[PDB]
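Shown below, as structure tokens, is a lone chain in the form deposited in one PDB entry; questions about how it binds or moves come after it.
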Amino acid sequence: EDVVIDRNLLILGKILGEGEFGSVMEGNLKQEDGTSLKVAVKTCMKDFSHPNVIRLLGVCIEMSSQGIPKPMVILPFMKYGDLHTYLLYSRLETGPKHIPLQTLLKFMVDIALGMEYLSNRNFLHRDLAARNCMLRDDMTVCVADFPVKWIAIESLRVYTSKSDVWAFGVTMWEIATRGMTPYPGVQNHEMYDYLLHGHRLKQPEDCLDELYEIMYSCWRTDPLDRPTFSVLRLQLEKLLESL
């Protein structure tokens, strides 16, 4: 209840994208200090506080004409949008400049730092992917939105933090390939058999051997054999310093 906001401080606009239970609308939130803030409205998070984890600005429950409730979650606006679509733009003219290797690692580290936070609070993401990572105006990444080619083999139906590491591994692959779909040539219904027979995501063309080892360690068959987010973050931070 301490999260709720009076709708009269909210103005909706265009549609930014399509979400799970409905569409996401841009909007203006009139802040306490009287100013107006650009926000995103989707049409457990308030306890989260971390720069690489999406913050919740509040919630609105607009009543309809018939009285059926229309809940709305107020989130920050990020002009650079989801990270998946950003990777695709970068390899085109007009879009963002060619993303260097170092910057790509900074994305991975940010995500790693964000998952380290949620994993310390023993919170499972259950849907980590490059599409669910947003780029702030300072080009830092934050996790949000908490599908077969991202799910861990053991979960194909048990889920732990080590499954988030699996998804994190795939996300690293998405980033290193600048927006490729996982498992080219393989179809969704073949994934369990494909993984069960020991096959994993192949190494990208220009990717570093020591960067592939890190993301490969995310797909070890035994979840307990996989590294924690704290180990992963430091490995990426150290690989980044060696450039």
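If you superpose the two forms and keep the largest set of C-alpha atoms that fall within 1.5 Å, you have the rigid core. All residue numbers refer to positions in the sequence shown, first residue = 1.
Beyond what is shown, the protein has a form deposited in another entry; the following relates to that form.
Core-superposed comparison between the shown form and the other one: CA of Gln31 displaced by 2 Å or more.
Superposition of the core reveals a Cα shift of 2 Å or more for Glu20 between the shown form and the other one.
Positional change of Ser64 between the shown form and the other one reaches 2 Å or more at the C-alpha, relative to the superposed core. Figure legend: C-alpha atoms of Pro182 and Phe21, shown here, are separated by at least 3 angstroms less in that other deposited form.
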